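K.L.:
Chains as they are written, first to last, in the authors' numbering: chain A, 64 to 196, 200 to 228, 232 to 413; chain B, 63 to 226, 232 to 413; chain J, 2 to 193; chain S, 1 to 7.
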Ligand SMILES: Nc1ncnc2c1ncn2[C@@H]1O[C@H](COP(=O)(O)OP(=O)(O)OP(O)(O)=S)[C@@H](O)[C@H]1O
Ligand SMILES: Nc1ncnc2c1ncn2[C@@H]1O[C@H](COP(=O)(O)OP(=O)(O)OP(O)(O)=S)[C@@H](O)[C@H]1O
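Dropping the structure here:
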């Protein structure tokens, strides 16, 4: 049933700018389900576990891929958070609660829940930082999660009980997608491999050029680098598949403002349409916006700041203004040097 | 109908002065919020976006005043929370969810009426890391609460105790506004590092300070999201707040206007205090400007102005009750210096 | 030998040399003949103090019998380029170039000791070679003499004709006469 | 309740 060719096209409809990442997920997703079709029946013994490790910058679409995949996929999907997770459940939460929410989506169907997908956001949150210690969000969380990720049956009261019984739902079959933004990881990889600082005439020095630090550096990531970050090596050993996402290109940004149905121009113009005046954006403004956005280095999430701040003056006085049929925005408006000219 | 940006700003002008740049920002959000709440999830463009404001300004610039005045004219519910007590990872003290439970007291347990509410936070700068990207000891209000808040702004549902069965309710935050703003301390040093680019020793090294450069207002205006990363904020948290408002330091003229034009101007408050005693209080124009000059030297903002007035009239306030048959009291510019005593009218 | 001193600080004790200790307080010493090496060291000191604090006055103590002219003109332009007021003081003696840097200090911040002495004369030189080369070097040194008199009048306030007549030969001026001549502002007899 | 660790 799974198709790697079609799934890549489907993700392209909702995600843009990450072509390599789509290929990685299609292989792991196809392999994981194919394994369950014939479980441990092949001649090959000790088959490696198929897991996913999403790693990319902010606004790269980590949370977006989990949403799009859930809609396209038939099995139930869940969206949890690592910040809420706590060890030995004092007042925050428990690891077993993740399984309870999965059944609510699957309507207490063990046969249908074991084939489900799991996605945990902000994986970096559980990084073990116990230099000055007890720790409820550090080693305790990762230790409990590793036990679950290893594959074990955990007691879960079905429906809560009206019984003193619990179901032994398997865990090795269920898939897991550990993803989150890694801050400081680039420095760790750069610290290990620099291959520079040559003072000789023959030697070369690169101060601004960083050999595509946003994308190339991620491609050369190793498990040993994450160990210094705080993660446990056994946790990384269980995830042979890692996804690397490069920084969005200026071309990709333009596509994100036009092709998607959640585009800023579409919603903002729709909002202006309610007022009664149409909104027009030229192509020259779009490429200009992309350059400013990349400078901020905030991702797509910070794109809105440039568009809104530029239109702050226009929206403030637009209701008072009358007899304006359409609004025209030029490239200079993005810079802010020239005010936009209205159409009557 | 809904209020217009010009109409709401005319109301804010009575309580706020010299912050034109900030009044327009709050006006568009309120206008956008009502427009978002005007249509019943029906629009030409689906998935209407949410914009979060980040109020940044000097000390005593009027940030806390705007959130208070906004709730008076705002019809929808409003809450005034604080980031001081936020406890990430469920430690002792208040939790992020509390902000939502507090929003029901003003809304009187109305979920449909609560999702259309506005939220304001203060002292958001205080929860930033100490100019270090990696946290060594898992800061509860550093690398903690900042992350915890991400889920709420992004849009999720959190269980809240209905009363003080014991079942909980779910309320989404995807269509709830949040105004997180606080006076950042030491931000000027970071901005100077990235924009002055003239440090060093030499004939051709541009080094001119304490006279022209290092202006508080100019530095804040040139702020960018990349600058906050060196300060301690996480980029994820900054991504959820695209809008940014840069307030300025109160000018000498602004102080004079704030002394008389506001409804609750300090000059009027003291007159009310003196009015009940039975003695009128008048301030001569010349005297008012002198007080403004002293306030700027203190570098404490509008709040510091009370100190100057209190000291100037400290002696008169002590002797006014024991004195009798006094109709009017006039304060002169010399009285502010303290060399002379204000005249009295019998 | 140079003695070593100890500066008490909040962090801890630090051993500094006498010359370096005073440099921290915006104090520079001009000793011996004026040459290219000693002059290049003072220029770095002035620039270093400018960056540390551009609003604090600098103090320059001069005790030297003079020297090369080109080495001294670098110090004059440096004092005027930097915003801080370079205070000058005369200790022991002030020769042709030593006197020019003394009077070049900030107006109102120039002092002379009660027993100090200033000497001023015309530039010295010489050359050996063809007659054509002597004319070239003679016109050059004449330009310097004219240039040095113009600047001397600017700071001292006297007329250009008076400085020329007074600098034709060696002219010694006591500390009181220097005040009347506009070369200095006052005398630092005692501490107040 | 909470945890304290520094030096
Ligand atoms: N790759 C992308 N392509 C197009 N739009 C994107 C992309 N990434 C983010 N966006 C836009 O940004 C919005 C939020 O994206 P998110 O996926 O939440 O960002 P995020 O950084 O992945 O979140 P985190 O870091 O995992 S909490 C989306 O609704 C889009 O409008
Ligand atoms: N623009 C203004 N116009 C008039 N009065 C002002 C203005 N700004 C501040 N004030 C006065 O200062 C008082 C406190 O203002 P705040 O809103 O607390 O300033 P602030 O910037 O929020 O200080 P922080 O952030 O709490 S340190 C108000 O009650 C007013 O009396």
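Idealized CB from N, CA, C, for every residue including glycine.
Inspect the beta-carbon positions of residue 73/J and residue 28/J and report whether they are closer than 8 Å.
P.N.:
As a first step, residue 73/J is located in the third chain; it is residue number 72 there, counting from the start. As a first step, residue 28/J is located in the third chain; it is residue number 27 there, counting from the start. The answer is no: Cβ separation not under 8 Å.
K.L.:
Report the rounded CA-to-CA distance for residue 78/A versus residue 329/A, giving the unit in angstroms.
P.N.:
For the purposes of this step, residue 78/A is identified with residue 15 of the first chain, where counting begins at 1. For the purposes of this step, residue 329/A is identified with residue 260 of the first chain, where counting begins at 1. Cα-Cα distance, rounded: 9 Å.
K.L.:
When DSSP labels each residue in this structure, what does residue 222/B get in the three-state scheme?
P.N.:
The residue labelled residue 222/B in the question sits at position 160 within the second chain. Here residue 222/B sits in strand by DSSP.
K.L.:
To which residues of the same chain is residue 263/B closer than 6 Å at the C-beta, ignoring the five residues directly before and after it?
P.N.:
As a position in the second chain, residue 263/B is number 196, starting the count at 1. Cβ within range, chain order: n/a, list empty.
K.L.:
Note the first and the last residue of the continuous alpha helix (DSSP H) segment covering residue 123/A.
P.N.:
Reading the first chain from its first residue, position 60 is the one you call residue 123/A. Premise fails: residue 123/A is in no alpha helix (DSSP H) and is neither H nor E.
K.L.:
Smallest Cα separation from residue 288/A: which of 307/A, 314/A and 105/A?
P.N.:
Stepping through the first chain from its first residue, residue 288/A is reached at position 219. Checking every option, the nearest Cα to that of residue 288/A belongs to 314/A.
K.L.:
Which term fits residue 132/J, buried or exposed, when burial requires 16 or more other beta carbons within 10 angstroms of its beta carbon?
P.N.:
Your numbering for residue 132/J matches position 131 in the third chain. With fewer than 16 Cβ atoms within 10 Å of its Cβ, residue 132/J is classed as exposed.
K.L.:
So for residue 253/B, helix, strand or coil by DSSP?
P.N.:
As a position in the second chain, residue 253/B is number 186, starting the count at 1. Residue state, collapsed to three classes: coil.
K.L.:
Just curious, the beta strand (DSSP E) that residue 140/A is in, first and last residue?
P.N.:
For this step, residue 140/A is matched to residue 77 along the first chain. Unbroken beta strand (DSSP E) run through residue 140/A: 140 to 144.
K.L.:
Excluding sequence positions up to five away, which residues of its chain have a Cβ less than 7 Å from the Cβ of residue 252/B?
P.N.:
Along the second chain, one-based indexing puts residue 252/B at 185. Within the same chain, residue 252/B has close Cβ partners 187.
K.L.:
On the premise that residue 143/B lies in contact with residue 168/B, defined as a C-beta separation below 8 Å, what is that separation, rounded to the nearest angstrom?
P.N.:
Taking the first residue of the second chain as position 1, residue 168/B is located at position 106. Taking the first residue of the second chain as position 1, residue 143/B is located at position 81. So it is not a contact: roughly 11 Å between Cβ atoms.
K.L.:
Strictly below 9 Å CB to CB, what residues from chain J border residue 267/B?
P.N.:
Numbered from 1 along the second chain, position 200 holds the residue referred to as residue 267/B. Within chain J, the residues near residue 267/B are 52.
K.L.:
Can you give the beta carbon distance from residue 380/A to residue 346/A, rounded, assuming they're within the 8 Å contact cut?
P.N.:
The residue you call residue 380/A lines up with position 311 of the first chain. The residue you call residue 346/A lines up with position 277 of the first chain. Contact doesn't hold; Cβ gap of about 12 Å is too wide.
K.L.:
Consider the C-beta atom of residue 369/B and the heavy atoms of ligand 2; say whether any pair is separated by less than 7 Å.
P.N.:
The residue labelled residue 369/B in the question sits at position 302 within the second chain. Residue 369/B Cβ: within cutoff of ligand 2.
K.L.:
Name, please, each residue of chain B whose Cβ falls closer than 9 Å to the Cβ of residue 48/J.
P.N.:
On the third chain, residue 48/J is found 47 positions in, with the first residue counted as 1. Within chain B, the residues near residue 48/J are 268, 269, 270 and 272.
K.L.:
Counting along the chain, where does the beta strand (DSSP E) carrying residue 92/J start and finish?
P.N.:
Numbered from its first residue, the third chain carries residue 92/J at position 91. That run of the beta strand (DSSP E) goes 87 to 95.
K.L.:
Going by Cα to Cα distance, which pick from 333/B, 312/B and 192/B is closest to residue 301/B?
P.N.:
Residue numbering aside, residue 301/B sits at position 234 when the second chain is read from its first letter. Ranking the options by Cα distance to residue 301/B, first place goes to 192/B.
K.L.:
Is the CB-CB distance between residue 236/A and residue 224/A below 8 Å?
P.N.:
By 1-based counting over the first chain, the position of residue 236/A is 167. By 1-based counting over the first chain, the position of residue 224/A is 158. Yes, the pair counts as a contact, with Cβ atoms nearer than the cut-off.
K.L.:
Give me the chain B residues within the contact set of residue 56/J, using Cβ-Cβ distance strictly less than 8 Å, ordered along the chain.
P.N.:
Along the third chain, one-based indexing puts residue 56/J at 55. Under the 8 Å cutoff, chain B gives 277.
K.L.:
Determine the direct distance from the alpha carbon of residue 150/B to that of residue 207/B, and round the result to whole angstroms.
P.N.:
Position 145 of the second chain, counted from the first residue, corresponds to residue 207/B. Position 88 of the second chain, counted from the first residue, corresponds to residue 150/B. Their Cα atoms are separated by approximately 5 Å.
K.L.:
Which chain B residues sit within Cβ distance under 8 Å of residue 154/A?
P.N.:
Position 91 of the first chain holds residue 154/A. Those within 8 Å of residue 154/A in chain B are 152.
K.L.:
Since residue 172/J sits in a beta bridge, which residues does DSSP pair it with?
P.N.:
Translated into the one-based positions of the third chain, residue 172/J becomes position 171. DSSP lists 121/J as partners of residue 172/J.
K.L.:
Tell me, please, whether the CB atom of residue 253/A is closer than 8 Å to any CB atom in chain B?
P.N.:
To locate residue 253/A, count along the first chain from 1; it is residue 184. Cβ-Cβ to chain B under 8 Å: yes for residue 253/A.
K.L.:
Please tell me whether, using a cut-off of 7 Å, the distance from the CB of residue 302/B to the nearest non-hydrogen atom of ligand 2 is below it.
P.N.:
In the second chain, counting from the first residue as 1, residue 302/B sits at position 235. No; taking the cut-off as 7 Å, the Cβ of residue 302/B has no heavy atom of ligand 2 nearer than that.
K.L.:
Based on DSSP bridge pairs, tell me the residues matched to residue 15/J.
P.N.:
Counting from 1 along the third chain, the entry for residue 15/J is found at position 14. DSSP output for residue 15/J lists 8/J as bridge partner(s).
K.L.:
Do the region 352 to 362 of chain B and the region 383 to 400 of chain B touch if we need at least three Cβ pairs shorter than 8 Å?
P.N.:
Yes, they touch.
K.L.:
Note down the Cα distance separating residue 40/J from residue 75/J, rounded to an integer number of angstroms.
P.N.:
Indexing the third chain from 1 puts residue 40/J at position 39. Indexing the third chain from 1 puts residue 75/J at position 74. Rounded to whole angstroms, residue 40/J to residue 75/J spans 8 Å at the Cα level.
K.L.:
What residue range is occupied by the uninterrupted alpha helix (DSSP H) comprising residue 312/A?
P.N.:
Indexing the first chain from 1 puts residue 312/A at position 243. Careful: residue 312/A lies outside any alpha helix (DSSP H), inside the beta strand (DSSP E) at 311 to 313.
K.L.:
Hey, would you say residue 139/B sits closer than 8 Å to residue 80/B, going by beta carbons?
P.N.:
Residue mapping note: residue 139/B aligns to position 77 of the second chain, counting from 1. Residue mapping note: residue 80/B aligns to position 18 of the second chain, counting from 1. Cβ distance not < 8 Å, so residue 139/B and residue 80/B don't count as in contact.
K.L.:
Under 9 Å, CB to CB, which of the residues in the region 191 to 223 of chain B have a partner in chain A?
P.N.:
Residues 195, 196, 197, 198, 199, 200, 205, 206, 209, 210, 212, 213, 216 and 218.
K.L.:
Residue 347/B by DSSP, collapsed to three states: which one?
P.N.:
Locating residue 347/B in the second chain gives position 280, counting from the first residue. Correct three-state label for residue 347/B: strand.
K.L.:
Would you call the region 337 to 344 of chain B in contact with the region 296 to 310 of chain B, where contact means no fewer than 3 C-beta pairs closer than 8 Å?
P.N.:
The region 337 to 344 of chain B, when compared against the region 296 to 310 of chain B, does not touch it at the 8 Å Cβ threshold.
K.L.:
Taking the C-alpha atoms as reference points, what is the distance between residue 105/J and residue 140/J?
P.N.:
Working through the third chain from its first residue, we reach residue 105/J at position 104. Working through the third chain from its first residue, we reach residue 140/J at position 139. Each residue's alpha carbon lies about 25 Å from the other.
K.L.:
How about residue 410/A and residue 376/A: are their beta carbons less than 8 Å apart?
P.N.:
The sequence position of residue 410/A within the first chain is 341, counting from 1. The sequence position of residue 376/A within the first chain is 307, counting from 1. The answer is no: Cβ separation not under 8 Å.
K.L.:
Can you tell me where the alpha helix (DSSP H) holding residue 284/B begins and where it ends?
P.N.:
Start at 1 with the first residue of the second chain, and residue 284/B comes out as number 217. Unbroken alpha helix (DSSP H) run through residue 284/B: 283 to 288.
K.L.:
Using a threshold of 7 Å, is the CB atom of residue 126/B nearer than that to any non-hydrogen atom of ligand 2?
P.N.:
To locate residue 126/B, count along the second chain from 1; it is residue 64. Yes, since a heavy atom of ligand 2 falls inside the 7 Å radius drawn around the Cβ of residue 126/B.
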